[PDB]
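**Q** PDB entry and its sequence, pasted below:
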Amino acid sequence: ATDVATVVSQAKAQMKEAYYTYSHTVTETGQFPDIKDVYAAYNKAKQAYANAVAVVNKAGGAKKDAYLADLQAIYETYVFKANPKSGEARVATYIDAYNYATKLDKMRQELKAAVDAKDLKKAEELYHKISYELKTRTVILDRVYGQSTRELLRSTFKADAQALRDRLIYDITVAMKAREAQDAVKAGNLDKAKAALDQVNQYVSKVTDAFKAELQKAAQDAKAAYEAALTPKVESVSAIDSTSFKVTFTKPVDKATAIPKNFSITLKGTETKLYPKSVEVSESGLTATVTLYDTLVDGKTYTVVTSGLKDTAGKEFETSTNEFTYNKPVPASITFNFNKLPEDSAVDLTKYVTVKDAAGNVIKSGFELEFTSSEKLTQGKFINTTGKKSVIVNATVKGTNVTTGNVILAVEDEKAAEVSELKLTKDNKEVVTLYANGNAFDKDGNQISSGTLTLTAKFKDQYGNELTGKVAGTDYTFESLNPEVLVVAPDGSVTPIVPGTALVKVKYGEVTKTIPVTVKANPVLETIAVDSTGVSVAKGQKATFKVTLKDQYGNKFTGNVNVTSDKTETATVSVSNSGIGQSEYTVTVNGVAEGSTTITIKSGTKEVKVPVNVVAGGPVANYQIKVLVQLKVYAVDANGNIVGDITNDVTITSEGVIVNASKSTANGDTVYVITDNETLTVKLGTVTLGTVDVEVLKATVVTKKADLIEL
């Protein structure tokens, strides 16, 4: 009993016994032992060893160092050794591994919690945590002695942690990369974006049904953002005649920057420069004529260089080089586009002629025209057809003998020939949605407040020009083919009566066009969505869940909500904003006495009810630090139930200070807050409750390293 030999025999046998605890269970029954029993046996080992070392040194002798070397060898192999080789520190590494393996299973459920409740911000957060453990920290798992044991840990706890993570590859890839391309346009880096959208746009096909909805919006919203803030550019340049060239733009252009100073033209592959005389810009601002002093050369190519140009209310153009190739066309035939001309003081004869080459191609520009007419020509191209019945016009190309000959032309006053457009509008905006209410919603989805609801029409005449000065109601009129569904005034005014569809049409003399405008059912209360599946409060505490209302189309419906609990004694209840106004309230459940009851959310016709069970508060067994950036410190009993809160006594400090933080009381309920110009330490008195990591905005609460064998 007392003698060293007996103490060492037993110390030896005991350290081995700690290892057989797990290895004989796993081998013989295919089960893990109770981790409590392993910890019990591990601590009993570490003592038995340490007692023996003490007993051995106290006896001394030549037997001493043999004993001590053996004892240590067993201890270092079977129980514990800092930085172990494989086969060593068996029990220690199994503990580490079994604790590691249980965290995965847990996180894997927390992750499956988020995919179900469809919180994408949280599913991503836990995807990262899991993907780190699964990649970096499987080292812990490989230390374990016992391939049988090593597999059982992998099958029982890791296999399904993998599986679940691996099918969220795509959901996260997109959600990440979408956010990155959104962040590249806030900054000035369109190169990094696009490579991001290249990635987003090949993977949104393969997302799972979890967040399919939210990912698509975030993907389309990242495309849109990138378009709107894309650098304007010169599309192309093309010749017009021997002395002017056209230039087209991607965006509109600032008339103040479209000036001769900002264009440089050279004959390609030479020093020969051609200075521009003028720049005229289209009413739209997407093209411009640039005219030259010098004369272009049939066949040759010219390179234009743009710079210091600018968008309307916008940003600079990229200095760029574009070529164009002057080709003097060869006219063969010439023709009038109609047998008639409009009635007018100045009819511009060049607009009513068409020139072609011998192949049969219309030459849009390049040539000059001479005219003779029965009537007097002004600037050799304009005539007064006012009050005339007919006119003779002869059009010839200048150097050529290509002529129309003498052509008699009828003069015919403009008249509505065609309906160029007909749409429903309100306050200048085309409406895509309308309910029998009268409420109207535009292209995007937003409703148009104020402005009259009317039909709009434009017309072209028989020469294909838009008609102007024409008063709706006087010169043309509207009507509905179904007054039951939709009532229309002659001037365009509208007031719908009932859902369905109505055919509506416009009339300018004998010209008409008919359009359908569908009118839809009013928004009515279809769904009451609830944030919580079921509430677990504590006595003398409170809980929160949100209620959102939806209509039959799936849009935020505004309405009323009363809320009640079965039994007022086990749990009272209230609702935000007095129970009226919004499409989304927050319910507050107070606990008052242990047991159960249930909560009812009513709204007009339809109704949802939800379970409430209040637990009796245990004593304080822990303090959680939580991020909800705004910070809190909850007191928490043995079960994880929130009883008490101590955010007000606690003090934040820092270990180059990126962040400021201080207490922020609101109606008694205290909260900590983060600012800007590290890791923060949360203390209660001189005790440290934990640390926080902050980055640049985003804050995660540190987790304490609980590994026996550091890596």
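**A** Received the coordinates, thanks. Residues are numbered from 1 along each chain as shown.
**Q** in what helix or strand does residue 463 lie?
**A** Under the assignment given by DSSP states H and E, residue 463 is not contained in any helix or strand.
**Q** how many other residues sit next to the residue lying closest to it once chain neighbours are set aside?
**A** Nearest non-adjacent residue to residue 463, counting by Cβ to Cβ, 6 or more residues apart in numbering: residue 342, 5.9 Å away. C-betas here are computed from N, CA, C, even on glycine. For residue 342, the neighbour count with other Cβ atoms under 10 Å is 18.
**Q** same deal with residue 381?
**A** 17.
**Q** do the same with the one 3 residues further on
**A** When counting by other Cβ under 10 Å, one arrives at 17 neighbours for residue 384.
**Q** ok, it - contacts?
**A** Neighbouring residues of residue 384 by Cβ atoms under 8 Å, 6 or more residues apart in numbering: 344-347, 375-376.
**Q** hmm, 7 Å instead?
**A** Contacts for residue 384 (Cβ atoms under 7 Å, 6 or more residues apart in numbering) come out as 345-346, 375.
**Q** same check, this time on residue 694
**A** 658-659, 674, 678, 680.
**Q** what sits opposite it in the beta ladder?
**A** When bridges are called by DSSP bridges, residue 694 pairs up with residue 699.
**Q** then residue 403?
**A** Counting by DSSP bridges, residue 403 forms beta bridges with residue 396.
**Q** hang on, the earlier thing: and the contacts of residue 694 as TSV, adding neighbour count and secondary structure?
**A** As requested, the contacts of residue 694 are exported to TSV (neighbours: other Cβ atoms under 10 Å; DSSP: H, G, I helix; E, B strand; the rest coil):
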residue	neighbour count	secondary structure
658	15	coil
659	20	coil
674	20	strand
678	13	coil
680	21	strand
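**Q** need phi/psi at residue 260.
**A** When read as degrees, to the nearest 10, the backbone of residue 260 gives phi -60, psi -30.
**Q** which residue sits closest to it, ignoring its sequence neighbours?
**A** Nearest to residue 260 is residue 276, by Cβ to Cβ, 6+ apart, at 4.3 Å.
**Q** pretty sure the one you found contacts residue 259?
**A** No. Assessed by Cβ atoms under 7 Å, residue 276 is found out of contact with residue 259, at 9.0 Å.
**Q** so which of those two has more stuff around it?
**A** Neighbours were counted for residue 276 and for residue 259 using other Cβ under 10 Å; residue 276 has more, 20 against 15.
**Q** give the contact list for the residue nearest to residue 463.
**A** 385, 412, 414, 463.
**Q** so the third one is in contact with residue 461, correct?
**A** When you say that, I think you mean residue 414. Yes. Counting by Cβ under 7 Å, residue 414 does reach residue 461; the two are 4.3 Å apart.
**Q** what sits in contact with each of the two?
**A** Joint contacts of residue 414 and residue 461 (Cβ under 7 Å, 6+ apart) are residue 467.
**Q** so which residues of the stretch 1-150 of the chain form helices?
**A** Ranges of helices within the stretch 1-150 of the chain are 4-29, 35-59, 63-74, 90-117, 120-135, 139-142, 147-153, based on DSSP state H, counting those that start in this stretch.
**Q** residue 623 is nearest to which of the ones you listed?
**A** helix 90-117 (20.2 Å; Cβ to Cβ).
**Q** now the closest one against helix 35-59, angle please.
**A** Angle, helix 90-117 to helix 35-59, by axes from the mean of the first three to the mean of the last three Cα atoms, to 10 degrees: 160 degrees.
**Q** residues in contact with stretch 642-651?
**A** Outside stretch 642-651, the residues within contact range by Cβ under 7 Å, 6+ apart are 538, 541, 617-618, 620, 632-637, 663, 670-672, 682-684, 689.
**Q** let's go with 8 Å and repeat that
**A** 538, 540-541, 617-618, 620, 623-624, 631-637, 663, 665, 670-672, 682-684, 689.
**Q** now do stretch 20-34
**A** 37-38, 41, 90-91, 94, 98, 145-146, 148-149, 152, 156.
**Q** highest neighbour count among those?
**A** In terms of neighbours by other Cβ under 10 Å, the contacts of stretch 20-34 top out with residue 94 at 29 neighbours.
**Q** need the nearest residue in space to that one, chain neighbours excluded.
**A** Leaving out its chain neighbours, the residue that sits closest to residue 94 by Cβ to Cβ, 6+ apart is residue 22, at 5.2 Å.
**Q** okay, the contacts of residue 694 in CSV with distance to residue 529 next?
**A** What follows is those, written out as CSV (distance: Cβ to Cβ, whole Å):
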residue, distance to residue 529
658, 39
659, 36
674, 31
678, 40
680, 36
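**Q** contacts only, for residue 234.
**A** The contact partners of residue 234, taken as Cβ under 8 Å, 6+ apart, are 247-250, 306, 309, 317, 320, 322.
**Q** which one of those is nearest residue 360?
**A** Of the contacts of residue 234, the one sitting nearest to residue 360 (Cβ to Cβ) turns out to be residue 248, at 26.6 Å.
**Q** okay, now the closest one: neighbour count?
**A** Neighbours of residue 248 under the rule other Cβ under 10 Å: 15.
**Q** SS state for it?
**A** Three-state call for residue 248 (DSSP: H, G, I helix; E, B strand; the rest coil): strand.
**Q** quick check, it in contact with residue 236.
**A** Yes. If you go by Cβ atoms under 8 Å, residue 248 and residue 236 touch, sitting 5.5 Å apart.
**Q** neighbours around residue 702, how many?
**A** Other residues close to residue 702 by other Cβ under 10 Å number 14.
**Q** distance of the residue nearest to residue 94 relative to residue 16?
**A** From residue 22 over to residue 16 the distance is 12 Å, taken as Cβ to Cβ, to the nearest Å.
**Q** which parts of the helix or strand hosting residue 391 are buried?
**A** Taking DSSP H and E as the criterion, the element that holds residue 391 is strand 390-397. By neighbour count with 16 or more other Cβ atoms under 10 Å, strand 390-397 contains the buried residues 391, 393, 395-397.
**Q** by contact count, what packs against that strand?
**A** Counting contacts by 3 or more Cβ pairs under 8 Å, 6 or more residues apart in numbering; DSSP states H and E, strand 390-397 packs against strand 333-336, strand 369-373, strand 403-411.
**Q** the first one pairs with which strands?
**A** Looking at strand 333-336 with DSSP bridges, its paired strands and their directions are strand 353-356 (antiparallel).
**Q** contacts for the strand it pairs with, please.
**A** By Cβ under 8 Å, 6+ apart, strand 353-356 touches 331-337, 362-363, 367, 369, 395, 397, 402, 404.
**Q** just give me the closest of those to residue 166.
**A** Nearest to residue 166 among these, counting by Cβ to Cβ, is residue 362 at 61.4 Å.
**Q** residues near the closest one, how many?
**A** If we define neighbours as other Cβ under 10 Å, then residue 362 has 10 of them.
**Q** list phi and psi for residue 610.
**A** Taking degrees, to the nearest 10 as the convention, residue 610 sits at phi -140, psi 140.
**Q** isn't it right up against residue 531?
**A** No. In this structure residue 610 lies outside contact range of residue 531 using Cβ under 8 Å: 9.8 Å.
**Q** these two: which has the busier surroundings?
**A** Comparing residue 610 with residue 531 by other Cβ under 10 Å, the one with more neighbours is residue 610, at 18 against 14.
**Q** and the residue nearest to that one when sequence neighbours are not counted, helix, strand or coil?
**A** In space, and not counting its chain neighbours, residue 610 is closest to residue 599: 4.9 Å by Cβ to Cβ, 6+ apart. Per three-state DSSP, the secondary structure class of residue 599 is strand.
**Q** show me what contacts residue 599?
**A** Residue 599 sits next to 535, 563-565, 571, 573, 587, 589, 609-612 when contact means Cβ under 8 Å, 6+ apart.
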